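In structure tokens, one chain follows: the form deposited in one PDB entry.
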């Protein structure tokens, strides 16, 4: 029920935004935006994809996203949730203008307005959380996301949520260990069709963690800090992007 309380706040924030920017207007803004990038194609590229996250401290999310791209990130995740992470849609605009790689909107997405809104602000990918969405809503949200040319990162925490995600038509499934189930990805990944993209969203501290997820079948990992804390996010991302290739074999 606590999640209902959190979602009530999200629904209030969304409703207040819709009062200023109507559904008709946000649809017009979404249609006007440059088309979304082919996120599936990016996720199918060789190597483990690094999805580097912008969060909050950060006076210039665009500059951070640029460092992420320079380091070889596959996708930039932008947290737009205000109440805990001090993110905003403004961050999505800033990041979108700064990088050429796909951009994921990371937020609690619970109603269709937010889908059009994500697109209007340049997102290529959008987070859908199975634990937050009853199946009827999950399916509706996934279909609308795809109808706009975006890809849903469908986040699960249990085998049952994974089954729900598959039934809804998910193409990309992310495993979040936090409700922390430290063996979440391994409990879930093997059960997925080989054709579905697997993302480990939790517990990536360094190259060893990325490699461990890679060895368990991950196609990409999400990393937030301590890319920032490192003081050198480009280098930190570069190290993860090239994980397993160091030390280099003698030449």
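Whichever C-alpha set is largest while still superposing within 1.5 Å between the two forms counts as the rigid core. Positions refer to the first chain, counted from 1.
Asker: Quick check on the record: how many residues from the deposited sequence are absent from the model between residue 179 and residue 180 (none, 1 to 3, 4 to 9, 10 or more)?
Answerer: The entry has a gap there, with 4 to 9 residues left out between residue 179 and residue 180.
Asker: If you count the residues of the deposited sequence that sit between residue 56 and residue 57 but have no coordinates, do you get none, 1 to 3, 4 to 9, or 10 or more?
Answerer: Missing in between: 4 to 9 residues.
Asker: Take the C-alpha B-factors listed in the entry for 200-208 and for 57-65, compute each mean, and give the stretch with the larger one.
Answerer: Comparing 200-208 with 57-65, the higher average CA B-factor belongs to 57-65.
Asker: Regarding 99-107 and 159-167, which shows the higher C-alpha temperature factor on average in the entry?
Answerer: Averaging CA B-factors over each stretch, the winner is 159-167.
Asker: Comparing recorded Cα B-factors across 36, 224, 49, 215, which one is largest?
Answerer: Answer for 36, 224, 49, 215: 224, with the highest C-alpha B-factor.
Asker: Divide the modelled residues of the chain into thirds by Cα B-factor and specify which third, lowest, middle or highest, holds residue 92.
Answerer: It falls in the middle third of the chain.
Asker: Comparing residue 116 with the other modelled residues of its chain, is its CA B-factor in the lowest, middle or highest third?
Answerer: Its C-alpha B-factor, which the entry lists for residue 116, ranks in the lowest third among residues of this chain.
Asker: Check where residue 219 lands among this chain's C-alpha B-factors and tell me if it's the lowest, middle or highest third.
Answerer: It belongs to the lowest third of the chain when residues are ordered by C-alpha B-factor.
Asker: Going by what the PDB entry lists, where does residue 243 fall on CA B-factor within its chain: lowest, middle or highest third?
Answerer: CA B-factor rank for residue 243: lowest third.
Asker: What third of its chain, lowest, middle or highest, does the C-alpha temperature factor of residue 134 fall into?
Answerer: Middle third - that is where residue 134 ends up once the chain's C-alpha B-factors are sorted.
Another form exists, deposited in another entry; not displayed. Remarks below refer to it.
Asker: Please state whether residue 45 has a C-alpha shift of 2 Å or more between the shown form and the other one, with the rigid core used for the fit.
Answerer: Superposed on the core, residue 45 moves its C-alpha less than 2 Å between the shown form and the other one.
Asker: Comparing between the shown form and the other one on the rigid core, is the C-alpha shift at residue 237 2 Å or larger?
Answerer: Stays below the 2 Å threshold, so no.
Asker: Please state whether residue 14 has a C-alpha shift of 2 Å or more between the shown form and the other one, with the rigid core used for the fit.
Answerer: Residue 14: C-alpha displaced by less than 2 Å between the shown form and the other one.
Asker: Looking in that other deposited form, are the Cα atoms of residue 231 and residue 225 closer together or farther apart than here, the change being 3 Å or more?
Answerer: Pair moves farther apart in that other deposited form.
Asker: Are residue 153 and residue 245 closer or farther apart at the Cα level in that other deposited form than shown, by 3 Å or more?
Answerer: Closer in that other deposited form, by 3 Å or more.
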